[PDB]
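Take a look at this single chain in structure tokens; it is the form deposited in one PDB entry.
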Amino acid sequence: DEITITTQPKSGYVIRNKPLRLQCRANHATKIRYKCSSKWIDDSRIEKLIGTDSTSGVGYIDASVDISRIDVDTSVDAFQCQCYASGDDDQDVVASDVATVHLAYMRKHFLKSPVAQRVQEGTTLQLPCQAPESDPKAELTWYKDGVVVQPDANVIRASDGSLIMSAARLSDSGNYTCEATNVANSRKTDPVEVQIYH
């Protein structure tokens, strides 16, 4: 018969340095070859499972491959892959559904870090924090003396990630750390101290 794709490679992310496994199975097929961003992947990296169904008696080939960060760097950060089922010369090559591969990362250093400040009581306090270049956008959480800053009437979380106190209270004196948690990594800022005087 003709070659049909049993299972399609699924789109996903490359978290950290954890690869993204792409699986692809075809019936009546002898070989499976992947192609990412117009560049064939070495068959040394492909794990091929070849057999025959004990009931149907049809030949199948199940192939997987780990897409690492190195493949993304060598090649738009989002690229496309798809397998190709091969066989006898008369057999026509059938391509599969193309799966796009995204990269999840987080850089080394924050873009805007908080600095220690001595602020007069009743003055509007602002402690900036901009996460490192991350994709997806990392979540910002503030800590004060080891406890998480819970926004209240005085403290408000701004859209730019900066922590803003409308009226600086003496209690607001603490060591503040900004944490940027991402799917790829989690980093914290250098602890800075702020003190309020009257």
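A residue's number is simply how far along the shown sequence it sits, counting from 1.
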Q. Per the entry, how many residues of the deposited chain go unmodelled between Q117 and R118: none, 1 to 3, 4 to 9, or 10 or more?
A. none
Q | 61-69 or 37-45, whichever carries the higher mean Cα B-factor | A | 37-45
Q) Of 22-30 and 165-173, which one has the bigger average CA B-factor? A) 165-173
Q.
Take the CA temperature factors straight from the PDB entry and tell me which of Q130, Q150, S134, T141 peaks.
A. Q150
Q: Quick one: which of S113, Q91, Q126, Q82 shows the highest Cα temperature factor in the PDB entry?
A: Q91
Q. C-alpha B factor of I196, ranked within the chain: lowest, middle or highest third?
A. highest
Q) Comparing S86 with the other modelled residues of its chain, is its CA B-factor in the lowest, middle or highest third? A) middle
Q) By the record's CA B-factor, is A78 among the lowest, middle or highest third of residues in the chain? A) highest
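Not pictured, yet referred to below: the form deposited in another entry.
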Q.
Given that the chain moves as two rigid parts between the shown form and the other one, is it the case that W142 and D172 are assigned to one and the same part?
A. yes
Q | Distance trend in that other deposited form - C-alpha atoms of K10 and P136, change of 3 Å or more | A | closer
